[PDB]
Structure formats: C-alpha cells, structure tokens
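Enquirer: I have a structure here, written as structure tokens, and I will follow up with some questions on it.
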Amino acid sequence: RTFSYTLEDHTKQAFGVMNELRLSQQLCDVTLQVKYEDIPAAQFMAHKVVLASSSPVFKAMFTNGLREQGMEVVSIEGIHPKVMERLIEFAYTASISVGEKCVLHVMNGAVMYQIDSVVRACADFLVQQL
Amino acid sequence: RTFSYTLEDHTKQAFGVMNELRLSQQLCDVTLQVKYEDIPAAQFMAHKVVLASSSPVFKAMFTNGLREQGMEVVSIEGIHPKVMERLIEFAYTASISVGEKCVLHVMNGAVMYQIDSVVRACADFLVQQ
Ligand SMILES: *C1=C(C#N)C(=O)C(C)(C)[C@@H]2CC[C@]3(C)C(=CC(=O)[C@@H]4[C@@H]5CC(C)(C)CC[C@]5(C(=O)OC)CC[C@]43C)[C@@]12C
Ligand SMILES: *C1=C(C#N)C(=O)C(C)(C)[C@@H]2CC[C@]3(C)C(=CC(=O)[C@@H]4[C@@H]5CC(C)(C)CC[C@]5(C(=O)OC)CC[C@]43C)[C@@]12C
C-alpha cells in the first residue's frame with residue numbers, strides 16, 4: 001500500500017539546529033550592523049531564509065529582486081542591539097524573554113519587523129500592568 | 001521579574017514559509033544536480049540551511065569549508081531524482097508518503113542522508129508487512 005510518515009517534532013529540532021548554525025556563524029548569508037546612537041556597532045549574523053520565515057519585513061528585504069555584489073551586510077538604525085538580539089533570537093527559538101521594563105522597546109522593534117506574534121504578546125502585557 | 005513569551009506554532013509556521021520560499025526559487029542558495037542512471041540531470045533548488053537542518057549528511061556537505069557563498073551546484077549520484085524529491089519534502093514539510101513499491105528505495109536515500117527518522121519509520125512499516 002501507500003505509506004505515510006510525519007515526524008511531529010521535526011520543525012522544532014531543525015530550528016535549534018539552524019539556530020546552532022547561526023551561533024556557529026555558519027551558513028550565514030547576511031550580517032546585520034545594528035547602529036544605535038553611540039553604542040558600538042553589534043554584528044548579528046543570520047540566514048536570510050529564517051529571518052524571512054519569521055519577519056514579513058525581512059522577507060521583502062531579501063526577496064526584493066534587487067541584490068547583486070551587495071546587501072550581504074544590512075544597516076539597522078534605531079534598535080538597541082540587545083533588543084534586536086532578542087528579536088533575532090525569537091526568529092530562531094520561537095520564544096523571547098525580556099525584563100519587563102523594556103517591553104515597549106521590544107514591542108517597538110517587533111513592529112519594525114512585523115513580528116506580529118510578539119507585538120501582540122507585548123502589547124497585551126503592557127495593558128495588563130495598567 | 002521577566003516577561004516571557006513562546007509561540008509553539010512558530011516552528012510549523014516558519015517552515016511552511018520556507019517551503020513556500022523554496023517552491024518559488026526565492027532564497028534558494030544551492031542546486032542539487034541529481035544524476036542517477038541514464039536519467040539526465042534533474043535540478044533541485046533549495047536552501048543549504050534547511051537542508052542542513054534536516055540531514056546530518058547535508059550540513060556536512062555545506063559546512064565542509066565550501067567557502068562558496070554564491071549559488072552552488074552539487075552533483076548527486078546514487079539517488080533517483082524522485083527519491084531525492086521525497087526527502088527534500090520531508091525537509092520542509094516534516095512528512096513524506098510513498099507507495100510500498102519504493103518504501104525500501106526511499107529508505108535507502110534516508111539512510112544515505114542520515115534521516116534516521118524515516119529510516120526507522122520506513123523500516124517499521126516494512127516489518128509490519
Ligand atoms: C531593558 C531590559 C530590561 N529589563 C532588557 O531586558 C534589555 C532587553 C536587555 C534592554 C536592552 C535595551 C535597553 C538597554 C534596556 C533598557 C534601557 O533603559 C535602554 C534605553 C531606553 C531609554 C529610553 C532610556 C533610551 C534608549 C536606551 C539606551 O540607549 O540605553 C542603553 C535603549 C536601550 C534600552 C532599551 C534593557 C536593559
Ligand atoms: C515509486 C514510488 C512509489 N510508490 C514513488 O512514490 C517514488 C518515490 C516517486 C519512486 C521514485 C523512484 C522510482 C522511479 C519509483 C518506482 C520504481 O520502482 C523505480 C525503480 C526501482 C527498481 C528497484 C525497480 C529499479 C530502479 C528504479 C527505476 O526504475 O529507475 C528509474 C529506481 C527508481 C524507482 C524507485 C517510484 C515512482
């Protein structure tokens with residue numbers, strides 16, 4: 001007959017493997033230069049595919065049909081490198097933690113990239129504190 | 001304290017987006033010229049990263065200091081173009097289905113690529129029947 005297999009935790013474990021690959025600075029086809037006022041530039045390396053899977057705004061960045069000898073390194077202004085880190089991390093972990101006092105800056109970054117899943121999480125939280 | 005948030009769906013959802021991006025030849029960074037028997041070259045276009053996430057053998061191919069960030073071509077012997085396809089599917093869908101005619105032949109590709117998950121599930125069904 002016809003045989004079918006589905007491995008349920010496959011999307012989980014392949015991500016942490018992909019996330020390893022990031023931490024390993026391996027297979028990374030983009031490097032993010034996150035400039036925030038006087039804070040010294042922080043370099044975040046990643047794979048475009050994973051960013052583009054987790055951000056609409058990033059998908060449009062790489063699949064803009066406009067790239068050649070360039071755009072390997074992208075300039076991020078107006079995010080604090082530690083906010084951006086937890087965003088980028090959320091893309092690879094599916095989870096985010098943040099000391100509750102910067103929820104609105106993590107919300108503000110997440111909007112910049114349309115991480116609508118945490119933009120809700122963070123706004124709900126903000127509202128409960130009131 | 002710390003505010004924490006997880007979105008279990010994200011791993012299912014993101015991979016669908018990459019399978020989309022795969023199916024559109026959007027951010028595909030590698031092309032697998034699968035050359036089996038006298039069947040001519042069959043192109044499979046994919047992203048090294050997703051391939052590397054599913055197959056220990058594939059990660060090994062790419063992190064083998066290829067040093068080649070451009071589009072790579074990769075000639076593939078020993079796997080039928082249609083067995084290769086069934087795995088590339090597992091890579092992005094997390095699932096795979098074939099008739100019993102090829103359950104063993106697809107098992108060989110999964111063995112060739114250390115997809116120990118379908119290797120097992122291939123074997124089990126073979127044993128059941
Ligand atoms: C706040 C946290 C908490 N609790 C965190 O968990 C973070 C994610 C580590 C976060 C990183 C971003 C900054 C450094 C931050 C708190 C701040 O006060 C920072 C300020 C906010 C503001 C409004 C005072 C001016 C910008 C600034 C900054 O430039 O100072 C470094 C941005 C970064 C941040 C929001 C924590 C530590
Ligand atoms: C059998 C399927 C089934 N059911 C499939 O769904 C596959 C995975 C698409 C599979 C692709 C590979 C071949 C073409 C195949 C049927 C076969 O029997 C083919 C034979 C197997 C064998 C041992 C009889 C001799 C080699 C050969 C072949 O005929 O070369 C083209 C290899 C390919 C395949 C296993 C299906 C369609």
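Naming works like this for the structure tokens: A, B, ... for the chains as they're shown, residue 1 at the start of each chain, ligands 1 onward in shown order.
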Output the neighbourhood of ligand 2 as number ranges by chain, that is, all protein and nucleic acid residues with some atom at most 10 Å from the ligand, counting only C-alpha atoms and all ligand atoms.
Expert: A: 1-3; B: 36-39, 78-87, 96-107
Enquirer: Neighbours of ligand 1 within 9 Å, counting only C-alpha atoms and all ligand atoms, as an MDAnalysis selection string?
Expert: (chainID A and resid 36:39 78:86 97:106) or (chainID B and resid 1:3)
Enquirer: Within 9 Å of chain B, which residues of chain A are there when counting only C-alpha atoms? Please give them as a PyMOL selection string.
Expert: chain A and resi 1-18+21+26-29+47-50+52-54+62-63+65+90-101+103+117-118+121-122+125
Enquirer: For a test of reading the model, state the distance in Å between CA of residue 128 in chain B and CA of residue 111 in chain B, rounded to one decimal.
Expert: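 Taking CA of residue 128 in chain B as the start and CA of residue 111 in chain B as the end point, the length is 19.4 Å.
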Enquirer: I need the alpha helix (DSSP H) residues of range 4-121 of chain A per DSSP on the backbone, written as JSON, numbers by chain.
Expert: {"A": [10, 11, 12, 13, 14, 15, 16, 17, 18, 19, 20, 21, 22, 23, 48, 49, 50, 51, 52, 53, 54, 56, 57, 58, 59, 60, 61, 62, 81, 82, 83, 84, 85, 86, 87, 88, 89, 90, 91, 92, 93, 103, 104, 105, 106, 107, 108, 109, 110, 111, 112, 116, 117, 118, 119, 120, 121]}
Enquirer: When you draw a straight line from CA of residue 75 in chain B to CA of residue 40 in chain B, how long is it in Å?
Expert: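 Between these atoms lies a distance of 11.5 Å.
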Enquirer: Interatomic distance between CA of residue 30 in chain A and CA of residue 66 in chain B?
Expert: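 CA of residue 66 in chain B lies 16.8 Å from CA of residue 30 in chain A.
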Enquirer: List as a PDB file with C-alpha atoms, in the first residue's frame the protein and nucleic acid residues near residue 113 in chain A, meaning an atom at most 10 Å away when only C-alpha atoms are counted, but skip any in the same chain fewer than 3 places from it.
Expert:
ATOM      1  CA  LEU A  51      14.626  35.840   9.163  1.00  0.00           C
ATOM      2  CA  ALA A  52      12.301  35.858   6.164  1.00  0.00           C
ATOM      3  CA  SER A  54       9.806  34.953  10.903  1.00  0.00           C
ATOM      4  CA  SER A  55       9.612  38.540   9.593  1.00  0.00           C
ATOM      5  CA  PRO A  56       7.463  39.847   6.745  1.00  0.00           C
ATOM      6  CA  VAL A  57       9.681  42.958   6.666  1.00  0.00           C
ATOM      7  CA  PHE A  58      12.794  40.829   6.170  1.00  0.00           C
ATOM      8  CA  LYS A  59      11.261  38.621   3.515  1.00  0.00           C
ATOM      9  CA  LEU A  87      14.066  39.593  18.263  1.00  0.00           C
ATOM     10  CA  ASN A 108       8.727  48.775  19.161  1.00  0.00           C
ATOM     11  CA  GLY A 109      11.413  46.708  17.472  1.00  0.00           C
ATOM     12  CA  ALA A 110       8.970  43.882  16.762  1.00  0.00           C
ATOM     13  CA  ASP A 116       3.027  40.407  14.921  1.00  0.00           C
ATOM     14  CA  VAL A 119       3.745  42.591  19.055  1.00  0.00           C
TER      15      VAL A 119
END
Enquirer: Just the residues within 8 Å of residue 42 in chain A, please, counting only C-alpha atoms, with nothing from its chain fewer than 4 positions along; format it as number ranges by chain.
Expert: A: 32-35, 81
Enquirer: Give me, as a count of residues only, the residues of chain B that a backbone DSSP run labels strand (DSSP E).
Expert: 25
Enquirer: Here is a test: counting only C-alpha atoms, which residue of B:64, B:127, B:31, B:58 is nearest to residue 112 in chain B?
Expert: B:58
